[PDB]
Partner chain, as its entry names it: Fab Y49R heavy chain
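Heads up, the chain below is alone and in the form solved without the partner chain; it's given as structure tokens.
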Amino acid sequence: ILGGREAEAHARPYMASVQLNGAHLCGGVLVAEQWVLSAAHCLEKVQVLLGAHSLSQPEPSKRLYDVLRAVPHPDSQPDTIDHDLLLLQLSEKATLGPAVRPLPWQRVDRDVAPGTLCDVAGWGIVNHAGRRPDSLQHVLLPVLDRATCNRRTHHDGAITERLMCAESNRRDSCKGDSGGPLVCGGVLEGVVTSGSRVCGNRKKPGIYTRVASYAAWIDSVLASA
């Protein structure tokens, strides 16, 4: 997260860190008792850290789960950010409590109002040098209408109806925030894309996958256990 602030500890109990060999790689979002949603290129030794604020310090709520199965969206492709979703089935159902709870996710396939203030959280890089934070960061970002996001000087027609944008003027998602939650009105709306992109430039808005657009996919995979 560029231009953000340290989040309140445990105030986002749905927040996951998706890890490879005990190192943070992507954000994730607990969406069912045994399932974490993240982004497709995150998988390209997989564990999921729940109940955390600090990646390194002991916390009573923190628990690192093994992953039984990793299910990247079957239409996802290395060179694109289309269909950029990943579901991770934990080795067991997560132990729930005030610091570990799933997030309700949007099933109405219609756009949020332009300007809606959404929260994005993560352990991604925090400056141009690539500094990695030990504790969870967040930022409040206004949603940016699709027509502007698609203008020639911005993302030039790459924004489908299955993607949404937020403003990226100094406050932004960046590397390592991939897979994490864009939350609007207490509901999961988007997931941070995992394609490389310039961070913090107003002319290059943040891109997030619209979970409502993938409701059939998520329902099926969540039911496949």
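Residue numbers count along the first chain shown, from 1.
One more form of this protein, deposited with the partner chain bound, exists but is not displayed; see below.
Novice: Going by a heavy atom distance of 4.5 Å, is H128 a contact of the partner chain in the deposited complex?
Specialist: Result no; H128 lies far from the partner chain in the deposited complex.
Novice: For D145, is any heavy atom within 4.5 Å of the partner chain in the deposited complex, or not?
Specialist: Within the cut-off, so yes.
Novice: So in the deposited complex, does any heavy atom of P58 sit within 4.5 Å of the partner chain?
Specialist: No - in the deposited complex, heavy atoms of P58 and the partner chain never come within 4.5 Å of each other.
Novice: Evaluate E161 for contact with the partner chain in the deposited complex, applying a 4.5 angstroms cut-off between non-hydrogen atoms, and reply yes or no.
Specialist: Answer yes; at least one heavy atom of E161 falls within 4.5 Å of the partner chain in the deposited complex.
Novice: Name the residue from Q77, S135, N150, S91 that puts a heavy atom within 4.5 Å of the partner chain in the deposited complex.
Specialist: Exactly one residue meets the criterion: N150.
Novice: Given a 4.5 Å cut-off on heavy atoms, tell me which of 62-70, 47-55, 169-177, 153-161 is the interface stretch with the partner chain in the deposited complex.
Specialist: Of the options, only 153-161 has residues within 4.5 Å of the partner.
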